Peer 1: 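Below are the structure tokens for one structure; questions will follow.
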Amino acid sequence: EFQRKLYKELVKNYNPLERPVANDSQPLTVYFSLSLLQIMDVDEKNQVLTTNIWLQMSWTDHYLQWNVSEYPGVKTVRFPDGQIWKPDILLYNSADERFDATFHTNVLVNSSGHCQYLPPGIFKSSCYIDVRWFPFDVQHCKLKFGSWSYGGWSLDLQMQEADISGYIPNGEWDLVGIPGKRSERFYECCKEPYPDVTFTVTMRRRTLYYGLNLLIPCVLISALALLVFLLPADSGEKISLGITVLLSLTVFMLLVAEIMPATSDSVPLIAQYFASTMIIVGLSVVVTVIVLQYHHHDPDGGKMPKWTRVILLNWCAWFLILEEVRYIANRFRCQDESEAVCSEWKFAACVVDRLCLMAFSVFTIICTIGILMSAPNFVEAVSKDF
Amino acid sequence: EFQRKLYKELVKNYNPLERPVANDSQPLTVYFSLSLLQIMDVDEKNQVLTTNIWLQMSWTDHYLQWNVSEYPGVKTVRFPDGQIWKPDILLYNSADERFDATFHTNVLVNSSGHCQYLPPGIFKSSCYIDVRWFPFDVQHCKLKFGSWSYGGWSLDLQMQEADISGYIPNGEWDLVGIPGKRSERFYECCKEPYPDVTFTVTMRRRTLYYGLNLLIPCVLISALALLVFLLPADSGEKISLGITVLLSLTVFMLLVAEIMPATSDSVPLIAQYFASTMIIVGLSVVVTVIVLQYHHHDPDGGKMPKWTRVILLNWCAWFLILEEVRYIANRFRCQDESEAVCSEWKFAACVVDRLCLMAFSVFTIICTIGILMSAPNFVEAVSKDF
Amino acid sequence: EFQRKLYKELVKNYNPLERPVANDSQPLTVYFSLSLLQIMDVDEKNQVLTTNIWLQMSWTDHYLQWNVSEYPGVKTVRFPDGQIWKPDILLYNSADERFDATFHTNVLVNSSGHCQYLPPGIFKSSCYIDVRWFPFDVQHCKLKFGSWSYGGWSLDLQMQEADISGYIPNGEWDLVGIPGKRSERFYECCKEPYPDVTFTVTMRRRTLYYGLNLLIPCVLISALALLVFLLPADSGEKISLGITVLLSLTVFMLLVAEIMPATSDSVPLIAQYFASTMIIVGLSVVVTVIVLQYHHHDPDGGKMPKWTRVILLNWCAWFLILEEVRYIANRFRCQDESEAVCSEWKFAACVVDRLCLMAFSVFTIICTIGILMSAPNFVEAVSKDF
Amino acid sequence: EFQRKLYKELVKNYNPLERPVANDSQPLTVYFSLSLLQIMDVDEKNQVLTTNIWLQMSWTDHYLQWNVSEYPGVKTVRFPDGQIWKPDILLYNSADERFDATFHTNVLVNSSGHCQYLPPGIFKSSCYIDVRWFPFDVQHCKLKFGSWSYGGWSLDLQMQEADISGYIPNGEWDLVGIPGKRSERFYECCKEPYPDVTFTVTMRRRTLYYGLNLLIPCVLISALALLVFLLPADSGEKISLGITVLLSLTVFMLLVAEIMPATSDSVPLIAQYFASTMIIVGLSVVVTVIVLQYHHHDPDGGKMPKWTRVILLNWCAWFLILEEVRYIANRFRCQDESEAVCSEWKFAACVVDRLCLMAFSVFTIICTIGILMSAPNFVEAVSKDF
Amino acid sequence: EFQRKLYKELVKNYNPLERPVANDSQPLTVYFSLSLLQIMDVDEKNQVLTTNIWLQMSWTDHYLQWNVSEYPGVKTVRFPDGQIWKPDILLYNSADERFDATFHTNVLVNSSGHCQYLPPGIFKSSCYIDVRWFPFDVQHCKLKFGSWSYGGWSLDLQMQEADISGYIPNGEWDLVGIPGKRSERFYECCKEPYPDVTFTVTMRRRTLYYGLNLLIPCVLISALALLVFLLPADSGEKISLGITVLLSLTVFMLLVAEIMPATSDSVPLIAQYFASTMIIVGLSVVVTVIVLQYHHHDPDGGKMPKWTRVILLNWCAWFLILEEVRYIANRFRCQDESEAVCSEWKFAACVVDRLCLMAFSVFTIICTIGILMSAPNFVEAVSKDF
Ligand SMILES: *[C@@H]1O[C@H](CO)[C@@H](O)[C@H](O)[C@H]1NC(C)=O
Ligand SMILES: *[C@@H]1O[C@H](CO)[C@@H](O)[C@H](O)[C@H]1NC(C)=O
Ligand SMILES: *[C@@H]1O[C@H](CO)[C@@H](O)[C@H](O)[C@H]1NC(C)=O
Ligand SMILES: Clc1ccc([C@H]2C[C@@H]3CC[C@H]2N3)cn1
Ligand SMILES: Clc1ccc([C@H]2C[C@@H]3CC[C@H]2N3)cn1
Ligand SMILES: Clc1ccc([C@H]2C[C@@H]3CC[C@H]2N3)cn1
Ligand SMILES: Clc1ccc([C@H]2C[C@@H]3CC[C@H]2N3)cn1
Ligand SMILES: Clc1ccc([C@H]2C[C@@H]3CC[C@H]2N3)cn1
Ligand SMILES: [Ca+2]
Ligand SMILES: [Ca+2]
Ligand SMILES: [Ca+2]
Ligand SMILES: [Ca+2]
Ligand SMILES: [Ca+2]
């Protein structure tokens, strides 16, 4: 009864286009806040963050004011999208391909005129993904909200801290925080400042999954590569193992690239270490192969080039019936002679391959300690996850 | 005729914004229920549940009341979305990217004013997927329904048990149940309690498909690994078989990861067993390779390091014309001597590889019995499916 | 002219919510039919059928009746979605994620009041896919159409046979038929029966493509496996060929799984045969490997275990200067002795591998004849396609 | 000014449902044409053609007629979707899953009443893809446009030739033509003929990309297979090369299948040649393997079966101290005897493998000349592209 | 207050269809500009550019003019989509499949009547991708904006330079510029010129990512191929390494093809070099195989064909008790003779393989220098990125 009379009374001359202020010269104060419920996805490939959030717009409507005594039993009313004025607040850095993911809901109003609007949304935002310290990386993905057509002189957009009380842990990501910042900016379009509220979702990646799925294979690859660098040139399977380890490493680099963006602002350290040890082992497999097929015939066949020889040699010095039996026995002695000789090529391949092992060791230690001493602390993270 | 007169009469002063209650101070009772028709998909990768469901809202409209005698032959009327009042009930934990998948249908009303609303929907919900006990896992995926803008003081949302009479078995999933729970909650947004109805789809996975597609290959891999651990170091194909089994196991781990989420709250036991036996076999292939190329030349070459030797040895003890023929015959005797010797390295690789087999056996038994004695009972499940 | 006057006359007091019947107590007869134009897709993975169809609703509107003499030259009128009454007929088992794929078109009306409505649609329906007899399988995919809010007492939904005159052959599927069935059902929701019309698209798969793409490789794999089972244990490449055939077979099983659902109600016979011959060949490769590395040293080394020996043996029985030359000549005779011996292990591996070949042959014949004598007759199908 | 007065005047009694003709008994002439801008995609997998096109509807509105002198300065007016009458012309064979991709734009009208309507669209159409002559194939993909509810007695849909002046070459496809055909048809639905306009996009594929990406590998595979067929049975790597070439060929067949539909109306010649040479090389690898492990022991071991022997033989005929040295010398002579023998199996494998090479050559020549003499001429196409 | 009175006053007789000009004979000047915020994606496969942009339409409405003194405190008003006139400006070369990605926002108006409209959008445009100079390529992707139904006589569409002040670097692409061009064009549809504004996004690709992910493997492949060409025919692993390098190269070519379009207007130089060195190494592996199995038996077996022999030879010339011991010793001498011979086939394979290495070197140098001296300068680009 009184609800019907009130709804009829309020919409007599109401104009949804009108900014609801008694003084048209004064701006309208809008308290905009956010409630994060769940981080639904982080597409590092497309640099997209898919979140579930409830916005919170609170403002005052000078015309929607009634007296509870006049209308007993009704302390609230609801007004849908087009029946009253709502701020045109939206997400600037949206990637939704509709550019507005809000599900328009009812606006709740009470006698004093305080209007609440909590539109939910599956918001897809564009946030820059940093993979320099992968996979022990923290991402600061931004959500920039603001009014499109209402400026500071017409809409004083204030900020209230974001709400994470209802947040549901994702499992693959850990929500460090979601701080907000209200900033006043000017654009090369318009003479009025347009305030914005930027909420910076700061979240840290969880590494147990990638610790047992990815890093264990990686340590296996490293150990196999060290094993390859330990086998001598004459080893039968040192060339085969090098080749096989190469192909596995390459496949696994492609795996890393599948889930990582093509942005050139930085390179995943894991992939950089991959490529490094990759060139190192490939160079070692190639050197062993050139030593085994070109230097084999001559004890000083690979030493003919002036440069190759002097390099290796000086650098190593610095760094360290009767006649019948006659014929057959002579030929057998020649066989024995031809079967049991090694020359400076075995020693050279051992030196070169030892140098390759040393180069590989310089890279493993440096990368391991560097990833340990990363801005997203690795020691503390593993202490937490292990 | 009378239908036209009735439709004209009912919408005289009706306001769809008005909550239809004679006493505006009293809340409106809404009986919300659900009818599950088919589980359409379970994207474990994105942790999404795609279901087909018919909602069931039943309430009372004080203004839509007629007398059948006055309007003979019309016991019902239908009102579409915007012509009368419907509750703003929706799915909180939605992932639809429209955030409302309901197809708005007609509201059915009878003379007493009892209004029915059964909007169908392809609902995409966010539910946490537990893969700890994969693939013998049960999932409790939640569907949280509630009114967005109407609170307990305005909408007493009651719950009626869900309906599965029309449910169609998926084939890959078995519907254990769909119990409901009505809860009253407060939010850091608003001073009124907002009741919700949470239906917990509890469903168990079917394993015949994964029993013959996945587990049979797994047992094959395990048997091949045991075979690898049984072959001696001198075996020609023990190093090749280890490598090949490694690559197959890795591929198959990647297969598991393709269909499993990256959540770090737990690890699939199948994948954990993969990684375990993987490191075990790789360590065994590596040990055989170091024994075959570094220890080969010297009978006590690998025994030079103090630590390696003492470990193996003490632990094993605790755990257990004439002159022409002269020359040629002497050299042939030397050949015979050089061709028929084995040393402590064969025994050490047998001990080490035997220890690797023992470690692999400790893991196989433990994991097999553990998966047998899982909270989602495995013995009963196989009894059902086999 | 007269068209304008007629359009003005008809919408004087028309109410689209009103069911257009002179007697409100009587139901309205709606003849619902279907016209299938093209089967666009069959996603066996998600069990979805994507079709192009034109619905056909024919009914009678008591209020849209004019006299052609009064309005010469106008025998028809068109009314869009919201201007007049249309039945709320829709597809129950829809998977569209809008749950209504109809493109709302104009309703055609003639002087007698007979209204036609032929909304086209790309309908996505959920139909259970049976892969038991893959790839010689027929699918009965259902399309259940019905009114959502109008029951039998208000809407007598009759069925007219479906129209395939304009159907376009898909090429991968053959349309055996599309019979219809009108059924009256009750639901745990409502006191009125709600009739439905179910059209059962019965279509058979075409196998020429899969006959030359898939089955030819399969027969190749089978022949290679038989070849593996024919080679003796001492064969150099019998262990390598077994391993390679294994990996190829596994890859090809994964190919089958890529296009097949994970439903556990049945298993593709092709995949079952895969897994069978897979375990058989793997067991044979494993047996040859255990015979070649453990039994090699001793002529009765594998015969030490009591059980292994008795099994093989009894089952086979049921189933079937001078002194210098002295030294060197003696050692050469010892070499000759050591170089030219085979023992009961060659015979045992031949017996065991022969038994593996017999097991493989029992499965090939049984599966080939079974697939020949399938409910979707294979002999007639190949006669048609070959 | 005059524009406002004109817009007010025209919509006085206008009814968008009314067909705008002075004589309601006469049909309305609609000139429908098309402007193709870009072929955006050809999904051969789903048999879908994605095009960018501007429709062109031109007709006459008897009621939208003004006098320029009465309204100076306004020679045109614009009317959006629902303000005036537009024909319900749409694409019958659409695959858009909205079934109408037109972006509704303004209708342009001039004093004589001539109305223009040029709605743009990303049209997805279903067109049958012929891969028989792949990749030198031409596709005739149809676009069938027509009015849904207006028939010949009410809408005389004329055709004007399509416009390609603004067309942008795709690069992967060459637009041979886009001829149109206006046809009058009847349906098993309705008593009135419903004319249609069918534009047949006839386009030819470009093969430089597939000439250097695909065909070069193919010729490599063919040469490797010929090499395999040239190596003798005793060749060490003839069995390995055959196996490796097999696996590569299979992978590359799967590549062809990835981009080709599963339609069984025809088979890609490239894939047919693949499968042919595949069975040929596999049969040759298998024959060499049976000759190398079963016939090896006995010079007439493979000649025991009556059938195998007679076949090969007749068909080939039609087609073409002292005693110490005694012992040791005798055994060495036996070694020499056992080391240097070949028998009828080498000759038989050469004959059989030569026959396999001949079968492979019969197929290569036949397929190469056939693809040369294809309905989509290959010689002229390569002359153009090379 | 005054805002309400103003909003009521302005919409008294306003017609959104009316072009807002005092003189209907004169055209309306519309200043159209653009603000690029972020390049979201470049799908080279489908030749699509996904951008985030804010349009900027500025024009004048003769009817929306008020006096600030009459309405104090209100200097601006906002009008949504359908309440006033907006130009029908859209993107001609759109690929959105809705063909309009603009999110319709409010139109801002001030007392003088100057109307601003800044609709944001995720615009998907079709732009031709040039991969000739991959990956050091620059793309000129066009955005053609224009009015659909308003021509030059009615809409003088002027251009203002695009705004990149708020642009966010993508990371994978570098924004060289976004120049604009206003052009007047006629169409085979209409008698009036329809001006357009074309903004040409000129952007350069970043190569650090592809420099360490892609090019490093490529140089590895090249070095391995050179190594293959250095090994002699008798090398044991020269045939295996060639085969393995072949398969890796092919896989990596497929990787290039995965991210590259099938357009035949040009070929990626990287892929062309792939195919070249691929045929070269395959020809070398094939030649070594024919030399090793057909020429082996006879020292002049491959020299029998007249052509093969003369080619190689002339081109190379231009380019450069007692009797017992008797028997056994004689047979041993025959063994020695048979074991230590090479013939003109080793020299011929060295010559041929040397020629293959020379052909490979002619291609490596030519392609490396050509890519260095590309229109998108490579030396400067690497100087920037390295
Ligand atoms: C509210 O309305 C009641 C009843 O009309 C009246 O007595 C009271 O004065 C009003 N209060 C205010 C603050 O206007
Ligand atoms: C219903 O209407 C009939 C006819 O007007 C009247 O006789 C009867 O009293 C009414 N019943 C009620 C319960 O109002
Ligand atoms: C604006 O309005 C004020 C107040 O009515 C009036 O005094 C003044 O002359 C007006 N100015 C113009 C330029 O019309
Ligand atoms: Cl009508 C209008 C005026 C200004 C604007 C823009 C200024 C800031 C940046 C985007 C939006 N808010 C957009 N529309
Ligand atoms: Cl106007 C309004 C008031 C309250 C709410 C919220 C309170 C609970 C949680 C989501 C929704 N229901 C949302 N909108
Ligand atoms: Cl208002 C209303 C009443 C009944 C129904 C349901 C009964 C049958 C099954 C689905 C639909 N038709 C749906 N809505
Ligand atoms: Cl109301 C009505 C009448 C007829 C038709 C159909 C007849 C032809 C084929 C499709 C459409 N045009 C569709 N709707
Ligand atoms: Cl009503 C009408 C008239 C003309 C046009 C076209 C002419 C130019 C090219 C596309 C569009 N602008 C489109 N619609
Ligand atoms: Ca991710
Ligand atoms: Ca799944
Ligand atoms: Ca399919
Ligand atoms: Ca394609
Ligand atoms: Ca890209």
Side-chain angles (χ1 to χ4, degrees), chain A residues 1-4 7-8 35 38 40-41 52 56 72-74 76-80 83 96 101 103 105-106 108 116 118 120-122 163 165-166 170-172 206-210 212-213 216-217 220 223-224 227 230-232 235 237-238 241 244 248 255 321-322 325-326 329 332-333 336 385, chain B residues 13 15 17-19 21-26 46-47 88 90 92-100 126 128 148-150 153-154 187-190 239 243 246-247 250 253-254 257 261-265 267 271-272 275 278-279 282-283 286 289-290 292-294 321 324-325 327-328 331-332 335:
Chain A
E1 175 185 352
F2 293 102
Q3 206 172 4
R4 184 176 279 194
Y7 271 107
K8 185 192 295 317
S35 178
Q38 178 175 4
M40 293 177 70
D41 189 4
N52 189 346
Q56 296 191 35
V74 63
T76 56
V77 298
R78 278 90 180 171
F79 279 110
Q83 299 262 22
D96 196 67
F103 178 73
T105 60
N106 278 342
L108 174 70
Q116 260 180 47
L118 278 81
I122 308 308
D163 177 8
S165 60
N170 182 350
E172 170 176 9
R206 298 215 187 154
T207 52
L208 192 149
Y209 177 77
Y210 296 88
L212 183 152
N213 187 328
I216 286 295
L220 273 182
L224 291 180
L227 183 63
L230 286 156
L231 306 195
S235 171
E237 299 312 326
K238 162 182 184 181
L241 191 52
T244 298
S248 179
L255 179 155
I321 288 176
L322 165 64
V325 189
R326 286 266 170 182
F332 288 132
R333 198 165 156 174
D336 216 346
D385 274 5
Chain B
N13 289 299
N15 204 328
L17 319 172
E18 183 190 353
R19 208 170 28 97
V21 290
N23 202 355
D24 308 286
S25 52
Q26 299 305 118
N46 304 303
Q47 304 198 67
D88 57 344
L90 61 83
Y92 284 32
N93 58 308
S94 168
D96 196 67
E97 61 85 55
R98 300 130 64 215
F99 199 71
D100 199 29
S126 287
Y128 161 80
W148 206 248
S149 45
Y150 288 98
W153 306 339
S154 293
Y187 299 78
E188 201 66 75
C189 71
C190 320
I239 310 303
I243 294 303
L246 211 61
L247 177 63
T250 303
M253 184 187 286
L254 281 70
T263 293
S264 305
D265 280 326
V267 296
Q272 151 171 334
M278 184 177 177
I279 66 163
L283 185 151
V286 164
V289 170
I290 64 172
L292 194 69
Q293 266 74 25
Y294 161 55
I321 288 176
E324 212 163 18
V325 189
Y327 176 77
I328 63 187
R331 83 173 274 273
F332 288 132
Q335 279 211 342

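Just so we're on the same page: letters track the sequence lines, and every chain starts at 1. In what follows, every heavy atom counts, from backbone to side chain, and hydrogens, waters and symmetry copies are set aside.
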Peer 1: At a heavy-atom separation under 4.5 Å, does B:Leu254 approach chain A through its side chain, its backbone, both, or neither?
Peer 2: side chain
Peer 1: Taking all non-hydrogen atoms of both residues, which atom of A:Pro80 and which atom of B:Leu17 are closest, and how far apart?
Peer 2: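 Closest pair (atom of A:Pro80, atom of B:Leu17, distance): CD-CD2, 3.6 Å.
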Peer 1: Out of curiosity, A:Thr244 OG1 to B:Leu246 CG, how far, rounded to the nearest 0.5 Å?
Peer 2: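 Taking OG1 in A:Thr244 and CG in B:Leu246, the distance rounds to 11.0 Å.
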Peer 1: In terms of heavy-atom proximity below 4.5 Å to chain A, should B:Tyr187 be classed as side chain, backbone, both, or neither?
Peer 2: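 For B:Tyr187, side-chain heavy atoms alone lie under 4.5 Å from chain A.
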Peer 1: Is it the backbone or the side chain of B:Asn23 that comes under 4.5 Å from a heavy atom of chain A, or both, or neither?
Peer 2: neither
Peer 1: Please state whether the side chain, the backbone, both or neither of B:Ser154 comes within less than 4.5 Å of a heavy atom of chain A.
Peer 2: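 Only the side chain of B:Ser154 comes within 4.5 Å of chain A.
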Peer 1: To check you understand the geometry: which heavy-atom pair defines the closest contact between A:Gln116 and B:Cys190, and what is its length?
Peer 2: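 So the two residues come closest at OE1-SG, 3.6 Å.
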Peer 1: For A:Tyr209, what residues pass the ring pair (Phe, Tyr, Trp, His ring centres under 6.0 Å) criterion, not counting sequence neighbours?
Peer 2: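 For A:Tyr209, no residue satisfies ring pair (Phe, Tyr, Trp, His ring centres under 6.0 Å) once neighbours in sequence are set aside.
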Peer 1: If you tally heavy-atom pairs under 4.5 Å against chain B, which of A:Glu1, A:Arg333, A:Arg4 wins?
Peer 2: A:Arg4
Peer 1: Considering only heavy atoms and a distance below 4.5 Å, find which of A:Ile321, A:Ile216, A:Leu108, A:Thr105 pairs most often with chain B.
Peer 2: A:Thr105
Peer 1: Taking all heavy atoms of A:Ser165 and all of B:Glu188, pick out the closest pair and write down the distance.
Peer 2: OG-CB, 4.2 Å
Peer 1: Could you give the distance from SG (B:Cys189) to CG (A:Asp163), rounded to the nearest 0.5 Å?
Peer 2: 8.5 Å
Peer 1: Side chain, backbone, both or neither: which part of B:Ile239 has a heavy atom under 4.5 Å from chain A?
Peer 2: neither
Peer 1: Taking every non-hydrogen pair under 4.5 Å, which of A:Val74, A:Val325, A:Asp41 racks up the most with chain B?
Peer 2: A:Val325
Peer 1: By a 4.5 Å heavy-atom criterion (distance strictly below it), what part of B:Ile243 contacts chain A: side chain, backbone, both, or neither?
Peer 2: side chain
Peer 1: Donor-acceptor pair, distance only, cut-off 3.5 Å: does the side chain of B:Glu324 make one with the backbone of A:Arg326?
Peer 2: yes
Peer 1: Of all the heavy-atom pairs spanning B:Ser264 and A:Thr207, show the shortest one and how long it is.
Peer 2: OG-N, 4.3 Å
Peer 1: Rounded to the nearest 0.5 Å, how far does OG of B:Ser94 lie from CD of A:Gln38?
Peer 2: 10.5 Å
Peer 1: Measure across A:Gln3 and B:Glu18 and return the closest heavy-atom pair with its distance rounded to 0.1 Å.
Peer 2: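 Nearest pair, atom of A:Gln3 first, then B:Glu18: OE1-CG, 3.9 Å.
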Peer 1: For B:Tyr128, which atoms come within 4.5 Å of any heavy atom of chain A: side chain, backbone, both, or neither?
Peer 2: neither
Peer 1: Is it the side chain or the backbone of B:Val286 that comes within 4.5 Å of chain A heavy atoms, both, or neither?
Peer 2: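 Contact with chain A involves both backbone and side-chain atoms of B:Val286.
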Peer 1: Parallel, tilted or perpendicular: which one describes the rings of B:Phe99 and A:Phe103, with boundaries at 30° and 60°?
Peer 2: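 B:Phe99 and A:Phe103: tilted rings.
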Peer 1: Please classify the contact between A:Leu118 and chain B as side chain, backbone, both or neither, with a heavy-atom cut-off of under 4.5 Å.
Peer 2: both
Peer 1: Please rank A:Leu220, A:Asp336, A:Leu231 by heavy-atom pairs under 4.5 Å with chain B and give me the top one.
Peer 2: A:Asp336
Peer 1: Calculate, to the nearest 0.5 Å, the distance between atoms OG and CD belonging to A:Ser235 and B:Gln293 respectively.
Peer 2: 3.5 Å
Peer 1: Report the option among A:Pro217, A:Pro120, A:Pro72, A:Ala101 that has the most heavy-atom pairs separated by less than 4.5 Å from atoms of chain B.
Peer 2: A:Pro120
Peer 1: Which bit of A:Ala329 is near chain B, if near means a heavy-atom gap under 4.5 Å: side chain, backbone, both or neither?
Peer 2: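 Its backbone and side chain both get close to chain B.
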Peer 1: If I compare all heavy atoms of B:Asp265 with all of A:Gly171, which pair ends up nearest, and what's the gap?
Peer 2: OD2-CA, 3.7 Å
Peer 1: In Å, rounded to the nearest 0.5 Å, how long is the span from CG of A:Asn106 to CH2 of B:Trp148?
Peer 2: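 The CG atom of A:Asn106 sits 12.0 Å away from the CH2 atom of B:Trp148.
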Peer 1: Indicate yes or no: at least one non-hydrogen side-chain atom of B:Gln47 is less than 4.5 angstrom from one of A:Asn170.
Peer 2: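 Yes, at least one pair of side-chain atoms sits under 4.5 Å.
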Peer 1: Heavy-atom pairs under 4.5 Å with chain B - which of A:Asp96, A:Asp385, A:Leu208, A:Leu227 has more of them than the others?
Peer 2: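 Top option by heavy-atom pairs under 4.5 Å: A:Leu227.
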